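Novice: Have a look at the structure that comes next, please.
No Cβ is skipped: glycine too gets one built from the backbone with ideal geometry, and neighbour counts run over all protein chains shown. Readers should treat all values here as calculations from the given coordinates under stated rules, not as data from a laboratory.
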Amino acid sequence: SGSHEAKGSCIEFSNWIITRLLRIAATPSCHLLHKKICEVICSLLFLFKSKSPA
Amino acid sequence: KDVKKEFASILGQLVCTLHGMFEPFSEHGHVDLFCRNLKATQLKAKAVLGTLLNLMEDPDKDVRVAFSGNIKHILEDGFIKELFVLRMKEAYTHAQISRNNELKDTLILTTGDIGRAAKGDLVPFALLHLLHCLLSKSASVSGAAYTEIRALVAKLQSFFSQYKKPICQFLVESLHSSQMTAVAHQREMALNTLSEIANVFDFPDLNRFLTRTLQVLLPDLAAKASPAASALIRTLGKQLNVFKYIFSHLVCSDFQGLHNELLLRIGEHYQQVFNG
Amino acid sequence: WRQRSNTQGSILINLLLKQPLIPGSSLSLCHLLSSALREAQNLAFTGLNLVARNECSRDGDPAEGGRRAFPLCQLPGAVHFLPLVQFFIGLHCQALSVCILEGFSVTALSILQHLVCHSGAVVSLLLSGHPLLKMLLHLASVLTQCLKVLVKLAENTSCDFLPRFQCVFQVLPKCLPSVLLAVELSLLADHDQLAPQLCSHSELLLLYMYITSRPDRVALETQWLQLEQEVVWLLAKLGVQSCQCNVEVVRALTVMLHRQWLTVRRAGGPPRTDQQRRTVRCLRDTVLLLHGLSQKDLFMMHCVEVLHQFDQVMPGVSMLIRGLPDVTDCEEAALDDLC
């Protein structure tokens with residue numbers, strides 16, 4: 001994560017996780033599941049913010 | 001024998017004079033009590049402050065902090081002055097006994113309120129509170145004391161000039177702490193700290209702010225010092241670098257022509273000091 | 001869109017038209033138009049009003065790619081308005097009774113900002129040089145307002161083309177209350193892309209000193225928050241880019257910080273007041289700012305000399321932040337790190 005090369009690898013990993021996340025997000029109908037997914041996503045977003053707001 | 005808080009609201013006074021002997025505000029949008037803001041209605045007849053302190057003690061908490069803001073509004077002689085002075089010493093001791101940062105913060109807030117509105121006796125108590133804040137580990141409480149110092153400026157250095165001998169007395173309490181402390185290196189660090197205290201005043205770093213004016217305080221301080229802090233100050237002075245009419249005046253508390261030129265102690269105490 | 005989109009632009013034309021138009025200026029803009037070329041420009045302005053009537057300009061300039069987010073309306077005939085704007089540039093030319101146009105000219109610039117909202121293409125025409133806009137770049141509070149209209153134009157401008165617009169302004173020094181509003185630049189950071197090198201300096205810190213100064217008489221809490229937002233934009237700009245001047249900006253922030261949280265503690269209330277709510281947002285930003293300072297470094301040692309004053313404000317702020325709705329966990333984590 002601290003390494004720039006590591007950060008680039010992490011961003012690619014995040015995109016693969018996102019593709020899995022998008023299939024989870026429609027969730028057939030999962031109104032409760034989407035809210036649970038959002039709370040986990042916000043913590044990941046805070047971590048992305050932590051390396052830089054950008 | 002028996003909303004009770006509302007009863008205190010029922011007779012909160014307000015306006016120039018109390019009317020202590022013998023429900024909706026005029027502004028629109030409040031459903032309660034119709035529209036009756038007015039409440040239907042200087043006897044000679046410190047005791048209350050101890051009860052108020054007890055209320056802060058009994059879980060006042062944030063409300064106690066609210067009480068401290070109220071206390072600054074509350075602040076806006078003789079036995080009554082003495083009782084307040086005794087309470088202020090008791091509060092500082094209580095804060096040390098509590099060993100609680102929040103309690104220290106409430107005391108620091110009181111100190112800031114005192115700085116904005118301090119009687120000369122109260123200001124001496126406030127300086128004692130400032131020494132307690134230096135004793136206090138809060139640091140933020142020291143910042144609250146700094147806010148009181150800004151009120152004194154309402155310029156810390158200007159406030160120190162206004163403090164005069166009382167500002168010198170706070171330094172003397174600091175000097176007494178130094179005497180208890182003594183390393184010579186620690187005294188040199190203390191001398192740097194004295195420049196830092198001057199920086200908080202904004203009157204430079206000791207030097208011209210201290211120097212001869214500091215020396216006049218030092219004469220009186222040295223007799224109290226018995227070496228100790230004065231010896232430490234000499235070691236600090238040796239680290240810092242390489243006619244004491246006031247010392248003669250402190251002893252009193254063209255031969256000595258400068259002492260003769262301003263023998264304020266001889267000129268006012270007379271008595272034994274004139275004999276000395 | 002079509003006519004319905006057109007009406008909103010026409011209403012902006014109407015506001016200049018409305019007595020005393022907008023801002024209480026006597027000129028109706030059409031009234032301001034009331035030499036021979038200037039009279040022709042007034043005829044052009046009526047035609048532009050006719051263009052507004054058609055609603056043809058609305059549902060125009062449809063592609064939203066590159067410039068101004070969702071696409072601006074075509075605003076065809078914006079250029080005829082621009083010719084009137086060029087006539088406005090001609091008025092008060094000797095200065096660039098006396099400067100009577102300036103007030104009309106500022107109104108024209110405000111109309112121009114509405115026009116900039118009206119046409120993405122019209123913004124492109126000004127970038128090409130327009131030429132009068134370049135003359136304006138070559139040449140008080142109204143001028144600051146004109147820069148703000150330019151800032152709206154920058155948001156309209158497509159990325160890279162906007163960097164070219166930043167290149168167009170003659171000098172950074174030339175760019176250097178109403179001036180404070182102009183500082184609340186920030187748009188260029190918002191138009192992130194090229195000009196990051198322009199953001200890098202030589203010794204900014206002077207602006208931070210001005211923020212420490214709180215010079216503007218109104219000293220509005222919202223105005224202070226806007227300065228804080230500009231500092232936050234600078235912090236965002238620094239992240240896009242990748243000191244002692246940074247500490248000086250921090251020193252201005254600290255003077256705000258000691259008031260922050262401690263002022264809230266004195267209130268002892270949820271921040272119903274908009275300034276109080278703004279302060280709560282600022283406190284969350286300050287926790288975010290502390291995280292940014294941690295990312296910077298070294299940075300901590302510069303922070304340490306003024307740190308003890310900051311810490312006394314900070315301990316109260318940390319308690320205040322956990323309570324505040326505005327305060328956020330990522331900013332809070334930096335605060336926990338300070339704890």
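Novice: Has the stretch A:32-46 got at least one residue that is away from chain C (no Cβ under 14 Å), of a type outside the set (S, T, N, Q) and not in a helix (DSSP H, G or I)?
Specialist: So far as the stretch A:32-46 goes, no, none of its residues is away from chain C (no Cβ under 14 Å), of a type outside the set (S, T, N, Q) and not in a helix (DSSP H, G or I).
Novice: For residues in the stretch C:171-225 being among the charged types (D, E, K, R) and within 23 Å of C:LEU143 (Cα to Cα), which is surrounded by the most Cβ atoms within 10 Å (Cβ to Cβ)?
Specialist: Out of the qualifying residues, it is C:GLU184.
Novice: Regarding B:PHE84, is this residue exposed (fewer than 13 other Cβ atoms within 10 Å of the Cβ) and farther than 17 Å from B:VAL141 by Cβ?
Specialist: No; evaluated as a whole, the condition is false for this residue.
Novice: Among the listed residues B:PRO59, B:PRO24, which satisfies the condition of being surrounded by 13 or more Cβ atoms within 10 Å (Cβ to Cβ) and either out of contact with any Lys or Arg (no Cβ under 9 Å at 6 or more places or on another chain) or assigned to a loop (DSSP other than H, G, I, E, B) (or both)?
Specialist: Being surrounded by 13 or more Cβ atoms within 10 Å (Cβ to Cβ) and either out of contact with any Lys or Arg (no Cβ under 9 Å at 6 or more places or on another chain) or assigned to a loop (DSSP other than H, G, I, E, B) (or both) holds for just one of B:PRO59, B:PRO24, which is B:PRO24.
Novice: Select from the stretch C:94-115 the residues that are under 16 Å from C:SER178 (Cβ atoms) and either assigned to a loop (DSSP other than H, G, I, E, B) or not hydroxyl-bearing (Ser, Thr, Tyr) (or both) and list them in ascending order.
Specialist: Residues satisfying the conditions are C:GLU102, C:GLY103, C:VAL106, C:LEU109, C:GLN113.
Novice: What number of residues within the stretch A:21-36 are surrounded by 12 or more Cβ atoms within 10 Å (Cβ to Cβ) and on the phi > 0 side of the Ramachandran plot?
Specialist: Selection size over the stretch A:21-36: 1.
Novice: Hey, any hits in the stretch A:11-31 for a residue that's within 14 Å of another protein chain (Cβ to nearest Cβ) and either assigned to a helix (DSSP H, G or I) or under 30 Å from C:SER294 (Cα atoms) (or both)?
Specialist: Checking the stretch A:11-31: not a single residue is within 14 Å of another protein chain (Cβ to nearest Cβ) and either assigned to a helix (DSSP H, G or I) or under 30 Å from C:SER294 (Cα atoms) (or both).
Novice: When the residues of the stretch C:169-196 are narrowed to those that are in a helix (DSSP H, G or I) and among the β-branched types (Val, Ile, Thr), which ends up nearest to C:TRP233 (Cα to Cα)?
Specialist: Going residue by residue through the stretch C:169-196, those that are in a helix (DSSP H, G or I) are C:172-175, C:178-183, C:186-190, C:196.
The next check asks that each one be among the β-branched types (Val, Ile, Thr); those that pass are C:179, C:183.
Numbers: C:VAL179: 17, C:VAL183: 11 Å.
My answer is C:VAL183.
Novice: Within the stretch B:132-167, which residues are at the interface with another protein chain (Cβ under 10 Å from one of its Cβ atoms) and among the aromatic types (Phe, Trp, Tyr)?
Specialist: B:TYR146
Novice: Can you name every residue in the stretch C:205-230 that is within 20 Å of C:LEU298 (Cα to Cα) and among the hydrophobic types (A, V, I, L, M, F, W, C)?
Specialist: Across the stretch C:205-230, the qualifying residue is only C:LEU205.
Novice: Additional query: Would you point out the residue of the stretch B:22-81, among those that are among the basic types (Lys, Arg) and more than 23 Å from the chain's Cα centre (by Cα), that is nearest to B:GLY112 (Cα to Cα)? Spell out the reasoning first.
Specialist: Our first condition is that a residue be among the basic types (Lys, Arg); within the stretch B:22-81, this holds for B:36, B:39, B:44, B:46, B:61, B:64, B:72, B:81.
The next check asks that each one be more than 23 Å from the chain's Cα centre (by Cα); those that pass are B:36, B:39, B:44, B:61.
On the way: B:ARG36: 37, B:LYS39: 34, B:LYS44: 31, B:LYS61: 18 Å.
Ranking the candidates gives B:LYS61 first.
Novice: Is there any pair linking a residue in the stretch B:255-276 that is acidic (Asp, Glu) to one that is surrounded by 14 or more Cβ atoms within 10 Å (Cβ to Cβ), with Cβ under 9 Å and at least six apart or on different chains, and which?
Specialist: Pairs that qualify, where the first residue is acidic (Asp, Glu) and the partner is surrounded by 14 or more Cβ atoms within 10 Å (Cβ to Cβ), are B:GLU261/B:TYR245.
Novice: Considering only the stretch C:274-339, give the helices (runs of 4 or more DSSP H) lying wholly within it that have at least 2 residues that are in contact with an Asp or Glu (Cβ under 6 Å, 6 or more places away or on another chain) and either more than 14 Å from chain B (Cβ to nearest Cβ) or of a type outside the set (S, T, N, Q) (or both).
Specialist: On the way: elements: C:274-296, C:299-323, C:329-338.
Ranges flagged: C:274-296.
Novice: Could you list, in sequence order, the residues of the stretch C:144-170 that are crowded, with 17+ Cβ neighbours inside 10 Å and of a type in the set (A, V, I, L, M)?
Specialist: Within the stretch C:144-170, C:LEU147, C:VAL149, C:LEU150, C:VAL151, C:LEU153, C:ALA154, C:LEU162 meet the criteria.
Novice: Within the stretch B:96-131, restricting attention to residues that are among the hydroxyl-bearing types (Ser, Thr, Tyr) and closer than 18 Å to B:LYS61 by Cβ, which residue is nearest to the other protein chains (Cβ to nearest Cβ)?
Specialist: B:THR106
Novice: Follow-up. Filter the stretch B:88-141 down to the residues that are among the hydroxyl-bearing types (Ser, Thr, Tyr) and outside any helix (DSSP H, G or I), then identify the one that is surrounded by the most Cβ atoms within 10 Å (Cβ to Cβ).
Specialist: B:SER136
Novice: Still on this model: Which pairs turn up if I take residues in the stretch C:183-208 that are closer than 13 Å to C:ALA236 by Cβ and look for partners that are among the hydrophobic types (A, V, I, L, M, F, W, C) and crowded, with 17+ Cβ neighbours inside 10 Å with beta carbon separation below 6 Å, at least 6 apart in sequence or on another chain?
Specialist: What qualifies is C:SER186/C:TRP233; C:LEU187/C:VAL151; C:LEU187/C:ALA154; C:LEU188/C:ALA195; C:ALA189/C:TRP233; C:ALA189/C:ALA236; C:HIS191/C:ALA154; C:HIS191/C:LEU162.
Novice: Would you mention how many residues in the stretch C:232-272 are away from chain A (no Cβ under 14 Å), assigned to a helix (DSSP H, G or I) and touching a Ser or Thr at 6+ places or on another chain (Cβ under 9 Å)?
Specialist: Quick first cut of the stretch C:232-272, residues away from chain A (no Cβ under 14 Å) only: C:243-272.
Subset that is assigned to a helix (DSSP H, G or I): C:244-259, C:262-267.
Narrowing the set further to residues that are touching a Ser or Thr at 6+ places or on another chain (Cβ under 9 Å) leaves C:248-249, C:251-259, C:262-264, C:267.
Counting residues in the stretch C:232-272 that are away from chain A (no Cβ under 14 Å), assigned to a helix (DSSP H, G or I) and touching a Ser or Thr at 6+ places or on another chain (Cβ under 9 Å) gives 15.
Novice: I've got another one for you. Just to be sure I understand, how many residues within the stretch B:32-46 are surrounded by fewer than 10 Cβ atoms within 10 Å (Cβ to Cβ) and under 20 Å from B:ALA95 (Cα atoms)?
Specialist: Going through the stretch B:32-46 one residue at a time, the tally reaches 0.
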